[PDB]
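**Student:** Protein chains in written order, with the deposited numbering: chain E, 2 to 186; chain L, 5 to 120, 162 to 213, 216 to 218; chain F, 2 to 258.
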Amino acid sequence: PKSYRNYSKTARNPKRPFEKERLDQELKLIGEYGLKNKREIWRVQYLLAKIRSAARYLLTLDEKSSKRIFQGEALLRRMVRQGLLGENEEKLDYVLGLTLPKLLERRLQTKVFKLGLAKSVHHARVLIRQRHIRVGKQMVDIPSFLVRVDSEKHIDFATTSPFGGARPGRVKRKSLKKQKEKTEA
Amino acid sequence: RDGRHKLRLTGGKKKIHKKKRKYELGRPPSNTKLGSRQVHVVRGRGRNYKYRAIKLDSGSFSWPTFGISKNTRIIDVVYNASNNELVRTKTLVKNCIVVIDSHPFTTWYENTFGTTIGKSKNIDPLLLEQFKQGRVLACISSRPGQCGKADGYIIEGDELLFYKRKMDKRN
Amino acid sequence: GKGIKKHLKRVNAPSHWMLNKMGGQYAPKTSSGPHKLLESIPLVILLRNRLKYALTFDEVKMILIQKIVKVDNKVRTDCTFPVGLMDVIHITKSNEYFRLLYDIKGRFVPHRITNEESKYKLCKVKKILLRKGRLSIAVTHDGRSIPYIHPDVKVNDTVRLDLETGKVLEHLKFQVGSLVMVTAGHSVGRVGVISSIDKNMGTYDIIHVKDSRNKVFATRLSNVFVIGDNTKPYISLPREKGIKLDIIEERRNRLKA
RNA sequence: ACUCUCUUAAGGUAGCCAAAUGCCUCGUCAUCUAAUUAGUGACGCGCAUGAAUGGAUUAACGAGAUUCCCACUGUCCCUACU
RNA sequence: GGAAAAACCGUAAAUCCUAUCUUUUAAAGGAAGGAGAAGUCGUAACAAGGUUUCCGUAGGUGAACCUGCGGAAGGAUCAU
RNA sequence: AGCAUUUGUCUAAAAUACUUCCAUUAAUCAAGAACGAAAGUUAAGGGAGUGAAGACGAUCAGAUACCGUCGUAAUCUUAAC
RNA sequence: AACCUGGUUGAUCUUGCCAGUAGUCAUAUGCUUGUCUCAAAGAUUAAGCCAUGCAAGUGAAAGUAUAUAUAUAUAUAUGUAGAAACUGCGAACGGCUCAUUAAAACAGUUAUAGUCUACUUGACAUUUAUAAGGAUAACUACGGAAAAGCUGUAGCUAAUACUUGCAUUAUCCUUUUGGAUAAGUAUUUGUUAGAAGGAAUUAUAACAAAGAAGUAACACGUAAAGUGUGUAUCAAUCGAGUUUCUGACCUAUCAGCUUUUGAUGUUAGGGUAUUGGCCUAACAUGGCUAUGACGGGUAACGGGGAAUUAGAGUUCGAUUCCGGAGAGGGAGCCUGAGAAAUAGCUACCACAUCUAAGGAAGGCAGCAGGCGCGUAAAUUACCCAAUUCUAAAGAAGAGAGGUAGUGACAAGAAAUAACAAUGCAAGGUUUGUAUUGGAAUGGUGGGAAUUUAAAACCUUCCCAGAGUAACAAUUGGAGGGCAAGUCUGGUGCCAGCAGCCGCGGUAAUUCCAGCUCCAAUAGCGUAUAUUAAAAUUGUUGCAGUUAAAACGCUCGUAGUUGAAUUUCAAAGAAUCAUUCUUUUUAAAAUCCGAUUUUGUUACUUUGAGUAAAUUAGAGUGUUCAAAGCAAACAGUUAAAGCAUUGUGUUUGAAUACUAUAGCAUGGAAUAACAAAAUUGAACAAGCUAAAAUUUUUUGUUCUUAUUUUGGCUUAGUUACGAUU
Numbered sequence: 002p003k004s005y006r007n008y009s010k011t012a013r014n015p016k017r018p019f020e021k022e023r024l025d026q027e028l029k030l031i032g033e034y035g036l037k038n039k040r041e042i043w044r045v046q047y048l049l050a051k052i053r054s055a056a057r058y059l060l061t062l063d064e065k066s067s068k069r070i071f072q073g074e075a076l077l078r079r080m081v082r083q084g085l086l087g088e089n090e091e092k093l094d095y096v097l098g099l100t101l102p103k104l105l106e107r108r109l110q111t112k113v114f115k116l117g118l119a120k121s122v123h124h125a126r127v128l129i130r131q132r133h134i135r136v137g138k139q140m141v142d143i144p145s146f147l148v149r150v151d152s153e154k155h156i157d158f159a160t161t162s163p164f165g166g167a168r169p170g171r172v173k174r175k176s177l178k179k180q181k182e183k184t185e186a
Numbered sequence: 005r006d007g008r009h010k011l012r013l014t015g016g017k018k019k020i021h022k023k024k025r026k027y028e029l030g031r032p033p034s035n036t037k038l039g040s041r042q043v044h045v046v047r048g049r050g051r052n053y054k055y056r057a058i059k060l061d062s063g064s065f066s067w068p069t070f071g072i073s074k075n076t077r078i079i080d081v082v083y084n085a086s087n088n089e090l091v092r093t094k095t096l097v098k099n100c101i102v103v104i105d106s107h108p109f110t111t112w113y114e115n116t117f118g119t120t162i163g164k165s166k167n168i169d170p171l172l173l174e175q176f177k178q179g180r181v182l183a184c185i186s187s188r189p190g191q192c193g194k195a196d197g198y199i200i201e202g203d204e205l206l207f208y209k210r211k212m213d216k217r218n
Numbered sequence: 002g003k004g005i006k007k008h009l010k011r012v013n014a015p016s017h018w019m020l021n022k023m024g025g026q027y028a029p030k031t032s033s034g035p036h037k038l039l040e041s042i043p044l045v046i047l048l049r050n051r052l053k054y055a056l057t058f059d060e061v062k063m064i065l066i067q068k069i070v071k072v073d074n075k076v077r078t079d080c081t082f083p084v085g086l087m088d089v090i091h092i093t094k095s096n097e098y099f100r101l102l103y104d105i106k107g108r109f110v111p112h113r114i115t116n117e118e119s120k121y122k123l124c125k126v127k128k129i130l131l132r133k134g135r136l137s138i139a140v141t142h143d144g145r146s147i148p149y150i151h152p153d154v155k156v157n158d159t160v161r162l163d164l165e166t167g168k169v170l171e172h173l174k175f176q177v178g179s180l181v182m183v184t185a186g187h188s189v190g191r192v193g194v195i196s197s198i199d200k201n202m203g204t205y206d207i208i209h210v211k212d213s214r215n216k217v218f219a220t221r222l223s224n225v226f227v228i229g230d231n232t233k234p235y236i237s238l239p240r241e242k243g244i245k246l247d248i249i250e251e252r253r254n255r256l257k258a
């Protein structure tokens, strides 16, 4: 019989293909955050949009309503965990206020570029794919990992990376130089 | 057989699917006549055993008014409530009117009270007049086709009058 | 043909079995026995999926062959045998006694019980029949037949029952001051005091139940289990004592540890 | 269709058909049949159709004319007996 | 006590005959609609379109149509 | 739809007026029905004028048309459609 | 994201369509394809046909072993194995398809006081015996037939198979006790008597008749007295049949259908497991229908649900679960608790295999695999380890099921460089870009570590191991719609393109190329269907003077819609100035001067009782995500807690929704409806017939008599009685 494991679309295709202002804006966003495809923007956009929809539904419901207080607080707490909303804000209209650069700012590649390590957004993206990064206690190669607030304090190098001091350099060149030196001497 | 494949309440001809199920049954009908006791075992659904009497003659007959029973040979079938065919053919069915040999009852009464429990309810003259001539009108109550024996009661009073009038204006 | 159905799909099995989506395809189907299918657990689930003394059905079979499990004072032998709404599970190797109870979310937990209280159980009577020679007998939700019951005990009264003799020690009236436990309704797995009885001709009868936090809910008479008299519950209740937190508070409590 | 032309009292309209009306003719095309000078439907420059000399169609009716099909049979094979 | 065999009701497959319905589908000839070209004959409609148009209706005609009867203005007049 | 001479007879109608009566009886309405110009049909009368048809004379390259002269059916009453 | 543009014209504004756009767990197909996870897959066409192979069996204390094998102690004792076979239990579930089928089946919702129910559970039984009767298999012998899961004789022999059949307890009396007497479970009849349910012709108790069936002539060795197997009745249970209510697609160019042949009812039967025209007989003459019956259509199994949605919605649902239906077409049957069973059976028809021709055997919509049909679809794989089932139940079986193989059906994650130097470029030591040149790394090849039923993959580690990082990104476009070329050649109204408008007749911004540029990207085109866009199907929410569209006109039945009116208010506290909340204010009945009840229904509120998967949704760093339903914590190995020298500890798997119908429930408004004057009451008085209360005639029991309460006949008395 068919498998019971679920699956879902991450993203929604954009409608109205060639709308100039939107198109140029998307390119501009790619320019800043180093994403490969319009698809990466669209998944992030879809994710934001779902949050906005949920918050919108919640804000229609009346104050002091039991479901509303519970779900709204829970969603907002999840936003705090994500690092989308600051401490001072705590109200659903700041959830509505969430905005697409603010969300991109919480990508792991962005966080690395800001913290250092790499010298470029693009450099950070390749560095993450080539397995040099670590969130502390766990290693990751996915540049679309999003950073939670309690994990922003432990970005590091991977301990099995060259920069971690593992196998220390290029095997080829170092061996060739050592063999030549031994032969020569 | 049972419960479908006949017309809709509207008068419509309802369609059929669902080929006949065993639990419908509709088992073949049994006559049963007057002769020498002969009975066949039937195996009904869920291992319910039933008894098919195909011939009988000797029943359990009750005088209701005194609440007592004696076993008696049944002389003849004389009237049936439904079709005339069953009585003509000499076949028994539940509500049928037979005649019983009254000597057991007569004997019982003479032994118990004297003269030809809740004592002395005083017979009835019409019934008594029948009683002298020694063969008395009775209604079978049990179901021969189910129970393998035919058991009944002596007719009385108003019921007696009704059956006598119908049975025998008069042709 | 068109016989009885002996299989049970894992998805189609009750939610309160608490089985996963991806673990094979068929559940244990409970054998016929002293409690209804939808209102029990099969012994396999109890041993493997709840207690975790087996990782496989096979290990359950190995455990069961050994006469070290006893339910209701007697050894059991079939894997698919029902645990029952109120009973005593005794695991003889490690000397452990469990009484089976509902939590406050709607599923069965095996609850650690002392040796002394382990020798009795609580039986709801469902019916009382008059059998030959004018001798009454009561009929329990525990599937068990009770000879020579008091005429003072009626249909919704529960009864405390020994496990050595199978005879009655005492009984708890269904009087409107008695502790009641909810067995299968929407609000299953709660305890309250019985506020009020409403009797409806030809139809379902509803009873209003009050919580220890003074919250009120109603429930259908069919699924109401008397559990003590106003002094105390007559068996030891599990951790949350039949009292249900409301969701907001529950989540607030969970965080605040 | 359209045009010219001689000419009539007027130049066959609505219809209709190789019809009991068609010489040429067993007309041409279908269809019925195994083979159709027969039957039926079409077609119609029609020797020589056609509007109370009635035209066209018709339900019912026919000791009417005509063809085919089914049933049936000594009509026939092929006669025999009485 | 009992196998073979039969007869009767009752289930009732199946085979054939009609009858109706259903579905495509053939057919001489008839008669439409469209598509295609630079073909023929006209001048019908648009202007008072050179007889105002159009309606309903009936008859006629080579076709576009014309004519009768009664309407309409979407008429060419909102008016002594 | 339609209805214009005179008087009579039989009919309906609406408005107004009304310190008159009834007390929601209503509104619009598939179904169904009544009436329904003109032409046309069927039948009897009737038949002046008008006048599809048709016949001619013209006009036109042609005219089965516009125009002209004559002219059946219809146009009128009764009775049906 | 509750969205629009191009096309009627010389130019314009409308109406209106067509064209574009996006999606589509929705199929096909074209090109290309490096990774990794995830995983649909011969349904639409033929419920068409099938070669070969496999797909249901079963014995670990415990019915039957002189086939046979074997270990201990002294031919004997015990035992232990055991091919074979009877017997037992299953094989009636699964799995598959979706042809049939439109009040049918199905979903919710009843009912079963109308019934059946194996395994399992708990109660628990009544009218020769130190141990009974055969007859049969395997087996032995002789055999037959081309061949079949063919079977003939004759001789044997067992069973928990088949078949007989053996006490003893209870009731009444003197009075621990001494006597006497009874003694059939269901089932069925007749007669009565009468712990519960809303209601009993019910449980039940008695009397008089019949009466199945049973209550161990069975096997182990269990507790430092037990178990198996069989067994009557009851209950429970796994369930099943009927059965109440309410809910559906298209069609009126289907309007009257149904009743001899049961249609609708009544009575009586028969039949059923039981109710019933379920079936027979007799009798009624009904039942259904424009609120759409009866037909026809459906490329229609139903539902859970799926896609698309701002909100309404519209389309889809062969297909994971539930339920139904069926096994080539029909029909009929046996066994058994359960079957009108299809890897049970018999026959016919339609197909069709073997045959020496006499006869025999057959049913893939089980899994593979083949043919055909087609637009359209995978291995004659490996394994019972998990998941479960069946068995005489650990240990055996299972193409149920898992695991791989095939797999660009879908879905998630993700490479195809990065970077520093210089040189050049542009900016007010900057930003950009062609020279160089050391680092970083998968993909990949090999070995392992591991994983695993077994192997492979995954992950992990160690070797190898990029510069034209040739370890080479494609697809479709570039007038408008619509983002990007009035660039370069060829063609020359041809070839062609072009969804649409249009382009192509010698400068083609559209063809055919090349160059450049652009969109999306390991994916992108095309076709067909379908949803949005479509407020172009319009309830929300259209249009009808003239664009499409007011019936010629009126009456009128169904339908839909329908004036006003019967209980107005007053006071207090909280809170920021409003808001929310409480009190009292007519009248009758009822309960001890005080206390509490008062039309029906719609409507509405709460509730109850609701399968999960799905879906919304809380919790949870699967490496991330798609996901999953888990997990977390301390500890180089012990602390800590708590148990009376022992024991890891905290745990999570919420919540909601689950028609409109049905169920309970508070209600003031809004609606209905009931009640409602050619008259109808309400009460006080009196007479009268029914019941209750007190008394009681007479030697095992028949009467009678006063009093009191409800019903009825007859004058009075009331704010007596009708909204505008």
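Each residue gets a CB set at the ideal place from its N, CA and C atoms; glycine is no exception.
(1) In terms of alpha-carbon separation, which member of E:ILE129, E:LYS51, E:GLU153 lies closest to E:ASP142?
(2) Leaving out the 5 sequence neighbours to the left and right, which residues in its chain are closer than 7 angstroms to F:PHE218 when beta-carbon positions are compared?
(3) Thinking C-beta only, is E:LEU85 closer than 9 angstroms to E:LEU99?
(4) Is the CB-CB distance between F:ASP153 and F:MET87 below 9 angstroms?
(5) Is it right to say F:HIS172 is buried, meaning 16 or more other beta carbons lie within 10 angstroms of its own, or is it exposed?
(6) In chain order, what residues of the same chain have a beta carbon less than 8 angstroms from the beta carbon of F:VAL76, not counting five sequence neighbours either side?
(7) Buried or exposed for L:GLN42, going by 16 or more other Cβ atoms inside 10 Å?
(8) Are the CB atoms of F:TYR103 and F:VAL110 within a distance shorter than 9 angstroms?
(9) Does the segment 18 to 30 of chain L come close enough to the segment 171 to 185 of chain E to have 3 or more Cβ pairs within less than 8 angstroms?
(10) With DSSP run on the structure shown, which of helix, strand or coil describes L:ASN115?
(11) Measure the CB-CB distance between F:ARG11 and F:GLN26 and report whether it falls below 9 angstroms.
(12) With which residues is L:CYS100 paired in a DSSP beta bridge?
(13) Report the partner residues of F:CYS80 according to the DSSP bridge assignment.
(14) Grab me the residues of L:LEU11's own chain with a C-beta within less than 8 angstroms of its C-beta, minus the 5 sequence neighbours each way, in chain order.
(15) Determine the closest residue to E:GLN46 out of E:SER4, E:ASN14, E:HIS133, with distance taken between C-alpha atoms.
(16) Which two residues bound the contiguous beta strand (DSSP E) that contains L:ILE79?
(17) Relative to chain E, which residues along the segment 20 to 38 of chain F have a C-beta separation below 8 angstroms, given in chain order?
(18) Can you name the residues of chain F whose CB is closer than 8 angstroms to the CB of E:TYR5?
(19) Considering only the alpha carbon of each residue, which of L:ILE104, L:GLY71, L:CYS184 lies closest to L:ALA85?
(20) Check each candidate in F:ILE105, F:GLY107, F:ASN74 and name the one with the smallest Cα separation from residue 1 of chain F.
(21) Residue ranges of each alpha helix (DSSP H) run of no fewer than 4 residues wholly in the segment 15 to 72 of chain E, ordered along the chain?
(22) Count the C-beta pairs between the segment 50 to 65 of chain E and the segment 233 to 243 of chain F that are closer than 8 angstroms, then say yes if the count reaches three, no if not.
(23) Report yes or no: do the segment 16 to 35 of chain E and the segment 62 to 76 of chain E share at least 3 C-beta pairs separated by less than 8 angstroms?
**Tutor:** If we stick to the structure as given:
(1) If you number the first sequence from 1, residue 142 of chain E lands on position 141. The option with the nearest alpha carbon to E:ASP142 is E:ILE129.
(2) Numbered from its first residue, the third sequence carries residue 218 of chain F at position 217. So the list reads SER188, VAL210, once near-sequence residues are dropped.
(3) If you number the first sequence from 1, residue 99 of chain E lands on position 98. If you number the first sequence from 1, residue 85 of chain E lands on position 84. Yes, these two residues count as a Cβ contact at 9 angstroms.
(4) Residue 153 of chain F sits at position 152 when you count from the first residue of the third sequence. Residue 87 of chain F sits at position 86 when you count from the first residue of the third sequence. In this structure, F:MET87 does not lie closer than 9 angstroms to F:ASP153 by Cβ.
(5) The residue labelled residue 172 of chain F in the question sits at position 171 within the third sequence. Classification for F:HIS172: buried.
(6) As a first step, residue 76 of chain F is located in the third sequence; it is residue number 75 there, counting from the start. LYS68, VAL70, listed in sequence order.
(7) One-based indexing of the second sequence puts residue 42 of chain L at position 38. L:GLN42 is exposed by the Cβ-count criterion.
(8) Locating residue 110 of chain F in the third sequence gives position 109, where the first residue counts as 1. Locating residue 103 of chain F in the third sequence gives position 102, where the first residue counts as 1. Yes, they are a contact pair.
(9) no
(10) Counting from one through the second sequence, the residue named residue 115 of chain L turns up at place 111. Residue state, collapsed to three classes: helix.
(11) In the third sequence, the residue the question calls residue 11 of chain F occupies position 10. In the third sequence, the residue the question calls residue 26 of chain F occupies position 25. Contact flag set, yes.
(12) Residue mapping note: residue 100 of chain L aligns to position 96 of the second sequence, counting from 1. Answer by DSSP bridge pairing: none, since L:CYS100 is not bridged.
(13) For the purposes of this step, residue 80 of chain F is taken as residue 79 along the third sequence, with counting starting at 1. Answer by DSSP bridge pairing: none, since F:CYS80 is not bridged.
(14) One-based indexing of the second sequence puts residue 11 of chain L at position 7. The beta carbon of L:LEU11 lies closer than 8 angstroms to those of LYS17, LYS18 in the same chain, with the five residues before and after it left out.
(15) On the first sequence, position 45 is the one that residue 46 of chain E refers to. Looking at the Cα atoms, E:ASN14 is the closest of the given residues.
(16) Residue 79 of chain L sits at position 75 when you count from the first residue of the second sequence. Its beta strand (DSSP E) spans residues 72 to 83.
(17) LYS22, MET23, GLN26
(18) Here the question's residue 5 of chain E lines up with position 4 in the first sequence. Per Cβ cutoff of 8 angstroms: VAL12, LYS22, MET23.
(19) The residue labelled residue 85 of chain L in the question sits at position 81 within the second sequence. For the residues L:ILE104, L:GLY71, L:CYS184, the minimum Cα distance to L:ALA85 belongs to L:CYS184.
(20) Nothing can be reported for residue 1 of chain F, as the shown portion of chain F is limited to 2 through 258.
(21) 21 to 34, 39 to 61
(22) The way I'd put it, the segment 50 to 65 of chain E doesn't touch the segment 233 to 243 of chain F; fewer than three beta-carbon pairs between them come closer than 8 angstroms.
(23) These segments do not touch.
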